[PDB]
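This report concerns only the one structure given below.
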Amino acid sequence: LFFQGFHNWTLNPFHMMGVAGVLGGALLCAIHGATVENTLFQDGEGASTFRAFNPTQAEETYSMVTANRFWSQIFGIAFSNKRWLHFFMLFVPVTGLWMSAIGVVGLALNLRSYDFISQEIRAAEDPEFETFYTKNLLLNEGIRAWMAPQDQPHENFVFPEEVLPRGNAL
Amino acid sequence: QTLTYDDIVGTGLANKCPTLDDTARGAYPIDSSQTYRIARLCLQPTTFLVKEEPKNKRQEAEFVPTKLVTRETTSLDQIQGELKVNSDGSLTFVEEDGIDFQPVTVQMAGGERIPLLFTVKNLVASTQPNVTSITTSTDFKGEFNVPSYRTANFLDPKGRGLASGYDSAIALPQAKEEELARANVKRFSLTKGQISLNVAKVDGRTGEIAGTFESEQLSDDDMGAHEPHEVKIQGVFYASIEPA
Amino acid sequence: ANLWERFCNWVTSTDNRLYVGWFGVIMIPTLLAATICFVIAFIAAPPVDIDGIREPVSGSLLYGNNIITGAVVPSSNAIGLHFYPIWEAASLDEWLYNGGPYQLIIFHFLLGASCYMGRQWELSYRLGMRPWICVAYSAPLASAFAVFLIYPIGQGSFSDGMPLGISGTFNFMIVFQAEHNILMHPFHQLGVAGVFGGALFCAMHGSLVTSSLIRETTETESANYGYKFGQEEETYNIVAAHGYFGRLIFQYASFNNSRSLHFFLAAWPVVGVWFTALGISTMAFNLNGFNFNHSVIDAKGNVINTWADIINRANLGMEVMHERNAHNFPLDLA
Amino acid sequence: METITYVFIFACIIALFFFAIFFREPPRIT
Amino acid sequence: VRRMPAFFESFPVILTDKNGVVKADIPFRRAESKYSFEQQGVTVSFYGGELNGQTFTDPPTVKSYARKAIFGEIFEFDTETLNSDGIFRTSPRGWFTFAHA
Amino acid sequence: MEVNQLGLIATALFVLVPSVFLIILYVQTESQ
Amino acid sequence: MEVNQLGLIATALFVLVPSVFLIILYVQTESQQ
Amino acid sequence: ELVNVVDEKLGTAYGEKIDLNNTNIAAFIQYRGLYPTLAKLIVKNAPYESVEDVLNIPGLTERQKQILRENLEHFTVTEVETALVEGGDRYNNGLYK
Amino acid sequence: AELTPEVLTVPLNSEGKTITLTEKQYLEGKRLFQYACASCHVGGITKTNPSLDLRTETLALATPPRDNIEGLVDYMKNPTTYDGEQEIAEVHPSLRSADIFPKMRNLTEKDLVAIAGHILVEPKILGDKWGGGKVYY
Amino acid sequence: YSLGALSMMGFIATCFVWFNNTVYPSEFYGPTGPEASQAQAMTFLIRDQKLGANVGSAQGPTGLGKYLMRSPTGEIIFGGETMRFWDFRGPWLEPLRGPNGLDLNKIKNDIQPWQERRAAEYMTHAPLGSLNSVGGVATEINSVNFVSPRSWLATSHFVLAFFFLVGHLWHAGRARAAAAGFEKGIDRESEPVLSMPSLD
Ligand code: CLA
Ligand code: CLA
Ligand SMILES: CC(C)=CCC/C(C)=C/CC/C(C)=C/CC/C(C)=C/CC/C(C)=C/CC/C(C)=C/CC/C(C)=C/CC/C(C)=C/CC/C(C)=C/CC1=CC(=O)C(C)=C(C)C1=O
Ligand SMILES: CCCCCCCCCCCCCCCC(=O)OC[C@H](CO[C@@H]1O[C@H](CS(=O)(=O)O)[C@@H](O)[C@H](O)[C@H]1O)OC(=O)CCCCCCCCCCCCCCC
Ligand code: HEC
Ligand SMILES: CC1=C(/C=C/C(C)=C/C=C/C(C)=C/C=C/C=C(C)/C=C/C=C(C)/C=C/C2=C(C)CCCC2(C)C)C(C)(C)CCC1
Ligand code: OEY
Ligand SMILES: [Cl-]
Ligand SMILES: [Cl-]
Ligand SMILES: [Fe+2]
């Protein structure tokens with residue numbers, strides 16, 4: 001929440017990329033697991049399919065060919081290359097976390113993606129202009145003032161009630 | 001008839017004023033030694049007209065029709081007040097209370113949205129003199145107050161306001177403030193409106209009257225940030241008169 | 001045979017480049033309508049009075065947004081949960097003002113995506129596959145239902161559903177933390193374990209299979225050309241990956257059954273995201289995150305703040321600023 | 001110009017989808 | 001004037017006495033404000049520089065110099081020549097460090 | 001909107017240069 | 001100088017699009033022989 | 001030419017005392033005996049030319065007139081400010097705790 | 001810091017007579033304020049009328065005065081408006097109105113005084129927080 | 001098939017207990033979410049009206065009425081955020097209802113103390129609270145030990161209805177698979193896709 005209120009970190013493209021990589025890695029994790037589990041060949045005769053696999057077997061335990069057709073017709077494209085697929089699984093999350101690291105290095109210096117200048121020029125001039133970007137800043141402003149006195153006690157921030165930003169009623 | 005909420009709910013009829021039969025063209029006699037009151041006054045706009053900005057060359061602005069975008073939320077109702085008999089004989093209605101304002105947004109060709117506070121706050125409306133009965137040729141003319149469309153606590157998208165809010169454009173810390181003053185400094189406008197109420201139906205028996213109205217007022221100026229428009233509002237009204 | 005049978009056979013043909021299927025018969029039109037409306041509204045839709053206070057929010061590119069700030073704005077709070085089809089408006093202009101495109105997009109999209117899931121089952125039946133991919137997809141689908149349908153139901157307004165925009169998503173998340181302390185909710189903490197762990201196990205599995213590719217290529221060509229599509233055999237040495245990973249940690253913290261390993265990869269993110277979808281769905285009914293505000297006090301009774309109290313001061317900053325003109329009374333009860 | 005730029009990039013991606021589905025290298029069993 | 005710490009894109013105007021007692025501020029909510037410049041009659045007087053010897057007493061002028069005081073010393077700026085936009089940028093020390101890290 | 005008008009040329013080359021690179025490598029691949 | 005802003009983008013594309021087209025055809029020509 | 005009417009009011013006696021013509025009715029809680037009964041009457045009968053016109057409110061009781069007298073030193077009158085009295089803001093001005 | 005008899009010493013009456021409380025009484029008055037009152041008065045505010053709090057300075061200026069045990073106990077028997085001019089048992093829990101506020105039925109007179117002392121002791125401990133509202137959370 | 005049925009029923013149960021105050025009387029279950037929210041507007045209408053406010057003409061900051069406004073079909077309804085909940089109906093509130101919605105004359109004259117009590121009770125028992133049963137909004141301090149029965153019942157049965165749809169998909173898909181004989185996997189010797197033409 002500090003990073004939201006002071007850095008506007010959600011707006012930062014380097015975090016945005018990291019989010020894509022982590023949620024994309026979770027997606028890859030789930031869809032590859034499910035795809036394998038639901039294209040298994042019948043290699044035993046039991047209902048528990050786990051016992052029909054020998055780590056020393058030569059054969060693929062599931063069907064790349066039927067997996068491929070399924071996703072080609074469900075989703076338009078599919079993996080065809082087992083090596084590319086597992087390299088892609090390494091790449092996506094590893095690359096996402098790297099991009100997030102870059103943005104935090106930026107924030108080490110307060111080099112934030114905090115604002116969009118063009119929106120601020122318009123908004124300052126046009127009191128009827130409002131977007132989700134300005135709404136979010138108002139929230140940031142609330143976080144900073146209501147949380148800083150206790151969060152950074154060494155500053156001896158004293159904010160009288162009357163300076164605290166507040167909307168109507170609340 | 002006697003309808004119930006459950007009969008009306010969701011139909012749009014709650015935004016309609018009551019009406020009188022085509023056969024109510026009587027007269028309500030006015031007893032100068034008596035005191036009277038409007039027990040319910042209902043105004044229901046049917047058309048919203050906005051004066052267009054005649055370009056520099058001008059010639060003459062027109063009142064252009066507009067599209068309503070805020071739905072069946074437009075009527076004034078439950079308005080009460082005393083009906084005085086003046087000594088020149090005229091009648092004067094003095095609004096006391098009621099649901100006497102609706103915010104309304106209409107849209108002009110091109111897509112400009114025009115908010116306004118449709119209202120008769122502090123209505124004072126008088127007849128011509130020597131009125132001994134209210135009839136289907138009785139007119140009232142009045143004027144009302146039009147307060148700012150937003151009130152003083154209202155905060156703009158950059159957190160600026162009158163009674164609350166930032167007093168500067170805090171996202172441009174070292175801008176020259178001078179070009180921004182009109183938007184930084186909120187102003188609360190109070191203007192006047194004018195309304196005519198033309199009586200056209202009268203149930204002498206019940207004290208109900210009904211007719212059409214036209215009112216003229218300004219639209220929102222966004223607490224001083226821009227110039228308002230002139231609006232002409234037309235509609236129908238209903239009123240019950242009880243002796244006091 | 002007869003006409004209806006030719007049609008049935010086409011609909012369910014496993015030979016169409018894209019499978020149609022009976023679920024596809026509903027999915028295609030509903031997704032098309034949702035997509036066309038969303039693309040047009042995102043670019044061109046005029047400002048929408050989301051909170052019902054005649055304070056319209058501009059969400060579209062032509063009205064001063066960029067890719068990051070733009071959105072299709074949720075429908076008006078004045079509407080609450082009322083159905084607001086185009087034909088219920090007196091004019092498109094009224095429908096745009098009150099946020100109608102949002103209702104149209106999300107209803108057609110929930111329908112379309114619910115049928116996308118059924119389609120995954122359907123094709124797996126025509127192919128002779130096992131059926132539970134669609135189960136995996138229920139986790140993302142459930143999550144979309146939560147932010148677009150369930151949360152608006154509990155709170156009583158689509159105006160509090162998630163906006164269809166990048167920054168609008170952030171708005172929704174900040175307000176949520178303020179009103180439900182979602183960070184302090186175990187279902188959301190289970191969601192984070194789900195997706196973090198999914199990313200981890202994703203990198204692990206990929207790293208570990210890639211680590212044990214069989215030399216089948218030279219140094220000048222891509223390793224990938226060592227795998228041929230449909231080849232009978234496997235192209236990595238799972239026994240060697242176990243030998244590496246079993247030693248990295250210890251021998252039984254490592255999987256040597258390919259089926260057990262892949263089931264685990266499926267279950268970990270799916271279960272966790274089930275929980276975080278259920279977290280939004282139950283916070284929809286105001287069963288909120290743990291509240292430890294002023295939970296530690298000293299012998300006299302002074303409050304001794306914890307990190308939970310510091311979170312609460314951020315939450316309060318979100319609380320008092322959000323929808324700054326929308327509250328007239330001191331409690332924000334929905 | 002900014003609106004046009006965003007929409008143009010978005011439209012190139014949609015066209016990319018079309019070619020990537022219908023004009024893919026067909027997966028063949030070699 | 002309490003000075004702006006670098007963490008904050010924005011910062012309220014709070015004036016304290018030699019001992020850090022809040023004595024004046026620019027309030028957000030005005031209805032219960034007990035420290036406004038108008039109530040406390042704060043003035044600004046300038047020593048040195050362009051304004052040396054001047055004193056302003058009208059509250060709106062005092063307030064705009066109070067807002068610039070949170071940035072430290074107050075300077076005249078030419079904003080026209082580069083059509084400056086009023087928003088702080090970093091220096092070559094900033095960019096260099098960022099790039100190399 | 002008062003945007004950075006160097007943004008257009010930055011975006012345009014951000015796209016054109018690397019895309020061209022790819023296209024060039026792909027086409028000369030298909031021709032051997 | 002108060003110069004047409006779009007002159008820059010116009011010049012860059014004017015050079016880049018035709019040039020890139022020639023290079024594409026040259027390189028895929030060399031890869032044949 | 002442009003000023004915030006509310007800030008300007010803080011520089012008048014409204015900023016020091018209860019302005020009988022302007023101040024929100026919750027400020028009468030500050031002094032013993034005024035809230036809610038007399039505050040309701042002061043406000044309802046509001047615009048006064050002088051603080052001491054408050055003693056002329058129809059129907060005060062003798063104990064009430066004395067409570068007012070005890071607290072005239074806490075009252076002031078300034079010109080009515082539209083932004084402070086519209087919207088029923090003298091009864092509820094959007095401030096709670 | 002600790003809960004001392006000096007902290008637990010509060011006005012018994014407007015006379016300036018006082019009484020001292022035990023740890024046990026104060027805590028009783030906390031359990032009971034939670035049971036019967038905090039639904040509206042959590043932390044010293046009043047949710048259904050924020051204008052009135054339970055700060056001792058507010059109680060002091062109430063009519064009758066209520067910054068002492070007896071007047072608080074009286075208030076819980078027969079509550080009135082802040083100026084004393086109206087009784088409000090029809091809308092405020094009280095022994096007078098235990099029929100309609102059932103939670104008050106089984107409160108012994110010693111329960112009331114515990115609640116009164118808790119109310120009077122708590123702002124000595126919490127200071128501004130008590131009756132201050134969300135600014136001080 | 002029964003997991004199907006049960007799931008749909010659990011979802012319906014969830015909305016019953018959340019919205020219905022007839023077979024889930026608020027006397028016993030606490031107020032609905034809509035009900036508490038409406039009750040708060042009532043409470044402060046009542047209070048301000050006693051102070052002398054004219055609640056029908058009070059223009060709030062947005063330009064909409066502070067206490068009263070119109071629904072989109074024109075009914076008089078409570079103002080503020082609670083504008084979303086104007087569909088609420090309860091015995092404590094229906095006496096103020098007229099044909100066009102809330103009736104200002106009944107508001108000015110006919111509110112009894114039992115309504116002020118119920119409205120105050122219900123506003124302060126709104127169904128908001130934390131998993132460890134701190135009552136109120138998420139920023140509230142510890143003190144009130146309360147979570148509405150309505151929250152407990154709606155949350156539990158959403159969770160239960162959801163997992164039972166998952167069970168439906170699991171067991172329906174599996175039943176289909178098992179009836180056709182490939183629930184244990186694909187037959188290497190007759191792999192169906194290998195007998196289909198390529199998509200391209
Ligand atoms: C490091 C910090 C962190 C992390 C890792 C997470 C992680 C997560 N958060 Mg939490 N959050 C955080 C901080 C964090 N959060 C903070 C600080 C706050 C407070 C400000 C919140 C507030 C918050 C809220 C309020 C919510 C989350 C949610 C979530 C989840 C989001 C992913 C998701 O829903 O997938 C689930 C998958 C989906 C939502 C995708 C569905 C996809 C549909 C079916 C298909 C769409 C198709 C598309 C349109 C077309 C593609 C076509 C294309 C090919 C052309 C995840 C568990 C969300 C959650 O639990 O949602 C359930 C949620 O609502 N968070
Ligand atoms: C841990 C498991 C669990 C538990 C403890 C509960 C507990 C509960 N459930 Mg849930 N439920 C569960 C799992 C669970 N449920 C699951 C898995 C589902 C499917 C997803 C549901 C779906 C469900 C629905 C759909 C509903 C409940 C409801 C309820 C509550 C009332 C149950 C009731 O009266 O039954 C009914 C009892 C029976 C059917 C048994 C026969 C009883 C006979 C007919 C009674 C005759 C009474 C009559 C007046 C006597 C007349 C005699 C003479 C004088 C004439 C109760 C708290 C209800 C509720 O409160 O929801 C908000 C409700 O409507 N449950
Ligand atoms: C202009 C208007 C109108 C537009 C609307 C605007 C709108 C809001 C759009 C905005 C879009 C926007 C800005 C996008 C932002 C996205 C963003 C932040 C970019 C991230 C950029 C980036 C480079 C991040 C770095 C990290 C990174 C590398 C992440 C990659 C994530 C990623 C692509 C993951 C893969 C996702 C995915 C769907 C996988 C499909 C795989 C699939 C086909 C599996 C099926 C399958 C499984 C098997 O197991 C087997 C065996 C087979 C055979 C098989 O097939
Ligand atoms: C007193 C307190 C109360 C007590 C309550 C007790 C609660 C415990 C519940 C126990 C549930 C039983 C285990 C689950 C079913 C199972 O056995 O799977 C079946 C398989 C069979 O295993 C495989 O077993 C095979 C043999 S066989 O299939 O069993 O016959 C074998 O071939 C193979 O090598 C081996 O890996 O298990 C595996 O594949 C190993 C991975 C196990 C994964 C755990 C289950 C799913 C995890 C979901 C959790 C996600 C967390 C969310 C993250 C945010
Ligand atoms: C909600 C219905 C309440 C409950 C439960 C309790 N109180 Fe209350 N209290 C409530 C209101 C609306 C008011 C204002 C009354 C008015 O003047 O219009 C009050 C006031 C008090 C006071 C007076 C405080 C003052 O500053 O003058 C006291 C001392 C008080 N309340 C105490 C009190 C106690 C001890 C309770 C528990 C048994 C209790 N209240 C419950 C609302 C509610
Ligand atoms: C027959 C068939 C089929 C097919 C189908 C299809 C193909 C469908 C389609 C469909 C579609 C294709 C649809 C669409 C839709 C659309 C929509 C519905 C849209 C809307 C829009 C809107 C309404 C908008 C508006 C606007 C805005 C937003 C803004 C600006 C302005 C305007 C006004 C323009 C199949 C194969 C399945 C099979 C069976 C049979
Ligand atoms: O959180 Mn806060 O609470 Ca759910 O409503 Mn009341 O305010 Mn508003 O409209 Mn969207 O948002
Ligand atoms: Cl917001
Ligand atoms: Cl509200
Ligand atoms: Fe794998």
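Labels for the structure tokens follow display order: chains A, B, ..., residues from 1 in each chain, ligands from 1.
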- All residues 10 Å or closer to segment 46-59 of chain E, only C-alpha atoms, same chain fewer than 5 positions away omitted, as JSON, numbers by chain: {"E": [36, 37, 38, 39, 41, 64, 65, 74, 75, 76], "H": [7, 8, 11]}
Where does DSSP see helix (DSSP H, G or I) in chain F, if you list the residues as a compact mmCIF listing (two decimals) with N, CA and C atoms, in the first residue's frame?
```txt
# COMPACT_ATOMS: atom_id res chain seq x y z
N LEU F 6 6.92 14.07 -29.92
CA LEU F 6 7.94 13.05 -30.19
C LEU F 6 7.48 11.65 -29.83
N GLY F 7 6.33 11.48 -29.16
CA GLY F 7 5.85 10.15 -28.84
C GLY F 7 5.47 9.37 -30.08
N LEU F 8 4.92 10.06 -31.07
CA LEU F 8 4.50 9.42 -32.31
C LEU F 8 5.68 8.79 -33.02
N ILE F 9 6.79 9.53 -33.16
CA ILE F 9 7.94 8.97 -33.88
C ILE F 9 8.60 7.89 -33.03
N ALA F 10 8.64 8.07 -31.71
CA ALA F 10 9.16 7.01 -30.86
C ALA F 10 8.35 5.73 -31.02
N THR F 11 7.03 5.85 -30.97
CA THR F 11 6.19 4.66 -31.11
C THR F 11 6.35 4.05 -32.49
N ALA F 12 6.36 4.89 -33.52
CA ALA F 12 6.45 4.36 -34.87
C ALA F 12 7.73 3.57 -35.08
N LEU F 13 8.89 4.12 -34.69
CA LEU F 13 10.14 3.38 -34.84
C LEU F 13 10.25 2.22 -33.87
N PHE F 14 9.66 2.35 -32.67
CA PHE F 14 9.62 1.23 -31.72
C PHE F 14 9.08 -0.01 -32.37
N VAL F 15 8.10 0.18 -33.25
CA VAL F 15 7.45 -0.86 -34.00
C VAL F 15 8.18 -1.22 -35.27
N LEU F 16 8.48 -0.22 -36.11
CA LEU F 16 8.97 -0.53 -37.45
C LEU F 16 10.33 -1.23 -37.41
N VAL F 17 11.26 -0.74 -36.60
CA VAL F 17 12.64 -1.21 -36.72
C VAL F 17 12.70 -2.69 -36.36
N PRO F 18 12.34 -3.08 -35.14
CA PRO F 18 12.38 -4.50 -34.81
C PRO F 18 11.45 -5.36 -35.66
N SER F 19 10.31 -4.84 -36.12
CA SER F 19 9.45 -5.68 -36.96
C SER F 19 10.15 -6.00 -38.27
N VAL F 20 10.71 -4.97 -38.90
CA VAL F 20 11.49 -5.14 -40.13
C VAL F 20 12.60 -6.17 -39.93
N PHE F 21 13.31 -6.07 -38.81
CA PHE F 21 14.36 -7.04 -38.55
C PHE F 21 13.81 -8.45 -38.71
N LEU F 22 12.68 -8.72 -38.03
CA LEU F 22 12.07 -10.04 -38.04
C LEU F 22 11.65 -10.43 -39.44
N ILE F 23 10.95 -9.54 -40.12
CA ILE F 23 10.50 -9.85 -41.46
C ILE F 23 11.67 -10.23 -42.35
N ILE F 24 12.75 -9.48 -42.28
CA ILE F 24 13.92 -9.75 -43.12
C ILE F 24 14.49 -11.13 -42.84
N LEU F 25 14.71 -11.45 -41.57
CA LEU F 25 15.20 -12.79 -41.26
C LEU F 25 14.21 -13.86 -41.73
N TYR F 26 12.90 -13.63 -41.57
CA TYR F 26 11.96 -14.69 -41.95
C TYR F 26 11.99 -14.91 -43.45
N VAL F 27 11.91 -13.83 -44.23
CA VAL F 27 11.78 -14.00 -45.68
C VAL F 27 13.01 -14.70 -46.27
N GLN F 28 14.22 -14.37 -45.81
CA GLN F 28 15.40 -15.02 -46.36
C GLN F 28 15.52 -16.46 -45.91
N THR F 29 14.87 -16.81 -44.80
CA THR F 29 14.73 -18.20 -44.41
C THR F 29 13.87 -18.96 -45.42
N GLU F 30 12.69 -18.42 -45.76
CA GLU F 30 11.76 -19.11 -46.66
C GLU F 30 12.34 -19.27 -48.05
```
- Contacts with ligand 7 at most 8 Å, only C-alpha atoms and all ligand atoms counted, listed as a list in words: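 Final answer, ordered by chain and number: residues 50, 51, 77, 155, 157, 159, 160, 161, 175, 176, 178, 179, 319, 322, 323, 326, 327, 332, 333 and 334 of chain C; 81 of chain J.
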- Selection within 8 Å of ligand 5 by only C-alpha atoms and all ligand atoms, output as number ranges by chain: H: 36; I: 32-41, 46-49, 52-56, 58-59, 61-63, 66, 72, 75-76, 79-82, 88, 91-94, 104, 112, 115-116, 119; J: 117, 120-121, 124
Next, dump the selected residues to file, keeping only N, CA and C atoms, as a compact mmCIF listing (two decimals), in the first residue's frame.
```txt
# COMPACT_ATOMS: atom_id res chain seq x y z
N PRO H 36 -30.43 21.02 21.79
CA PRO H 36 -30.84 21.34 20.42
C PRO H 36 -31.90 22.43 20.34
N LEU I 32 -19.72 -4.43 29.82
CA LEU I 32 -21.12 -4.03 29.78
C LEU I 32 -21.36 -2.92 28.76
N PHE I 33 -20.42 -1.97 28.61
CA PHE I 33 -20.55 -0.95 27.57
C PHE I 33 -20.53 -1.60 26.20
N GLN I 34 -19.72 -2.64 26.05
CA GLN I 34 -19.69 -3.41 24.81
C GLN I 34 -21.03 -4.10 24.58
N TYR I 35 -21.58 -4.72 25.63
CA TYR I 35 -22.84 -5.46 25.51
C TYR I 35 -24.01 -4.54 25.15
N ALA I 36 -24.12 -3.40 25.84
CA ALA I 36 -25.29 -2.55 25.75
C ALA I 36 -25.12 -1.30 24.89
N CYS I 37 -23.90 -0.81 24.68
CA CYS I 37 -23.76 0.55 24.14
C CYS I 37 -22.88 0.69 22.90
N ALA I 38 -21.86 -0.15 22.76
CA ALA I 38 -20.83 0.14 21.76
C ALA I 38 -21.38 0.05 20.35
N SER I 39 -22.43 -0.75 20.14
CA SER I 39 -23.12 -0.81 18.86
C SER I 39 -23.33 0.60 18.30
N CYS I 40 -23.62 1.57 19.17
CA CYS I 40 -23.73 2.96 18.72
C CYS I 40 -22.58 3.83 19.16
N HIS I 41 -21.90 3.49 20.27
CA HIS I 41 -20.93 4.40 20.89
C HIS I 41 -19.48 3.92 20.83
N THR I 46 -20.90 8.65 18.66
CA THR I 46 -22.29 8.21 18.55
C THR I 46 -22.64 8.06 17.08
N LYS I 47 -22.72 6.82 16.59
CA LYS I 47 -22.94 6.58 15.17
C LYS I 47 -24.23 7.21 14.68
N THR I 48 -25.28 7.21 15.51
CA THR I 48 -26.57 7.70 15.04
C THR I 48 -26.75 9.19 15.26
N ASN I 49 -25.73 9.85 15.78
CA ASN I 49 -25.69 11.30 15.86
C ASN I 49 -24.25 11.68 16.18
N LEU I 52 -22.71 14.41 18.88
CA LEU I 52 -22.61 14.21 20.31
C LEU I 52 -21.72 13.01 20.58
N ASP I 53 -20.70 13.21 21.39
CA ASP I 53 -19.79 12.14 21.75
C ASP I 53 -19.87 11.95 23.25
N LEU I 54 -18.99 11.09 23.76
CA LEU I 54 -18.89 10.82 25.18
C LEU I 54 -17.61 11.41 25.78
N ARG I 55 -16.93 12.31 25.07
CA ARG I 55 -15.80 13.02 25.67
C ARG I 55 -16.26 13.64 26.98
N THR I 56 -15.37 13.64 27.97
CA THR I 56 -15.75 14.21 29.26
C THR I 56 -16.08 15.69 29.11
N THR I 58 -17.54 17.06 26.67
CA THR I 58 -18.92 17.17 26.19
C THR I 58 -19.91 16.90 27.32
N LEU I 59 -19.74 15.78 28.02
CA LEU I 59 -20.57 15.45 29.16
C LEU I 59 -20.66 16.60 30.16
N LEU I 61 -20.43 19.86 29.63
CA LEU I 61 -21.32 20.94 29.23
C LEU I 61 -22.77 20.49 28.99
N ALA I 62 -23.09 19.23 29.25
CA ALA I 62 -24.48 18.81 29.11
C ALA I 62 -25.32 19.28 30.30
N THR I 63 -26.60 19.37 30.06
CA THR I 63 -27.55 19.82 31.07
C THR I 63 -28.59 18.73 31.31
N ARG I 66 -22.90 15.71 33.19
CA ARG I 66 -22.80 14.26 33.11
C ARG I 66 -21.35 13.80 33.15
N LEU I 72 -24.35 10.39 35.04
CA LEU I 72 -24.34 9.34 34.02
C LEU I 72 -25.33 8.25 34.36
N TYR I 75 -28.58 9.47 33.59
CA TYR I 75 -28.84 9.49 32.15
C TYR I 75 -29.31 8.14 31.67
N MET I 76 -28.69 7.06 32.17
CA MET I 76 -29.08 5.70 31.85
C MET I 76 -30.38 5.28 32.50
N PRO I 79 -32.84 9.34 30.23
CA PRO I 79 -32.04 10.19 29.34
C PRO I 79 -32.82 11.38 28.82
N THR I 80 -32.09 12.45 28.54
CA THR I 80 -32.65 13.70 28.05
C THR I 80 -31.79 14.23 26.90
N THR I 81 -32.31 15.23 26.20
CA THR I 81 -31.49 15.95 25.25
C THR I 81 -30.36 16.71 25.96
N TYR I 82 -29.45 17.23 25.15
CA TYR I 82 -28.23 17.83 25.67
C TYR I 82 -28.52 19.06 26.52
N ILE I 88 -35.96 11.36 26.35
CA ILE I 88 -35.73 10.68 25.08
C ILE I 88 -35.67 9.18 25.29
N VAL I 91 -36.46 6.72 22.53
CA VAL I 91 -35.51 6.44 21.46
C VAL I 91 -34.10 6.17 21.98
N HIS I 92 -33.88 6.17 23.29
CA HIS I 92 -32.54 5.91 23.80
C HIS I 92 -32.61 4.87 24.91
N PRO I 93 -31.78 3.83 24.86
CA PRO I 93 -31.88 2.76 25.86
C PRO I 93 -31.76 3.33 27.27
N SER I 94 -32.53 2.75 28.18
CA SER I 94 -32.63 3.29 29.53
C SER I 94 -33.46 2.31 30.35
N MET I 104 -31.43 -3.59 28.35
CA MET I 104 -31.37 -2.90 29.64
C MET I 104 -32.14 -3.61 30.76
N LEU I 112 -24.80 -0.29 36.03
CA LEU I 112 -24.83 1.05 35.47
C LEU I 112 -23.58 1.83 35.88
N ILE I 115 -20.51 0.86 33.96
CA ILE I 115 -20.56 1.51 32.65
C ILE I 115 -20.18 2.98 32.77
N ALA I 116 -20.68 3.67 33.79
CA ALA I 116 -20.38 5.08 33.96
C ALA I 116 -18.89 5.30 34.22
N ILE I 119 -16.83 4.68 31.04
CA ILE I 119 -16.93 5.89 30.22
C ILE I 119 -16.05 7.01 30.76
N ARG J 117 -36.48 3.85 16.19
CA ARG J 117 -35.76 2.80 16.89
C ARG J 117 -35.30 1.71 15.93
N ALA J 120 -32.61 2.91 13.58
CA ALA J 120 -31.34 3.06 14.27
C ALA J 120 -30.72 1.70 14.61
N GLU J 121 -31.52 0.78 15.15
CA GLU J 121 -31.11 -0.61 15.34
C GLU J 121 -30.55 -1.23 14.06
N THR J 124 -27.15 0.14 12.67
CA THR J 124 -26.02 -0.26 13.49
C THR J 124 -25.89 -1.77 13.61
```
- Query: Using only C-alpha atoms and all ligand atoms, what are the residues with an atom within 9 Å of ligand 6, set out as a ChimeraX atom specification?
  - Reply: /C:7,11,20-22,24-46,72,86,92-93,95-96,100-102,104-105
- Contacts of residue 16 of chain E within 9 Å, only C-alpha atoms, excl. fewer than 5 positions in-chain, as a list in words: residues 1, 2, 21, 22, 23, 24 and 25 of chain E
- Message: How would you report the residues lying within 7 Å of ligand 1, as a list in words, if you count only C-alpha atoms and all ligand atoms?
- Response: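 Going residue by residue within 7 Å of ligand 1, we get residues 1 and 23 of chain A; 113, 139, 140, 141, 143, 144, 146, 147, 172, 173, 174, 176, 177, 182, 183, 188, 191, 192, 194, 195, 196, 273, 276, 277, 279 and 280 of chain C.
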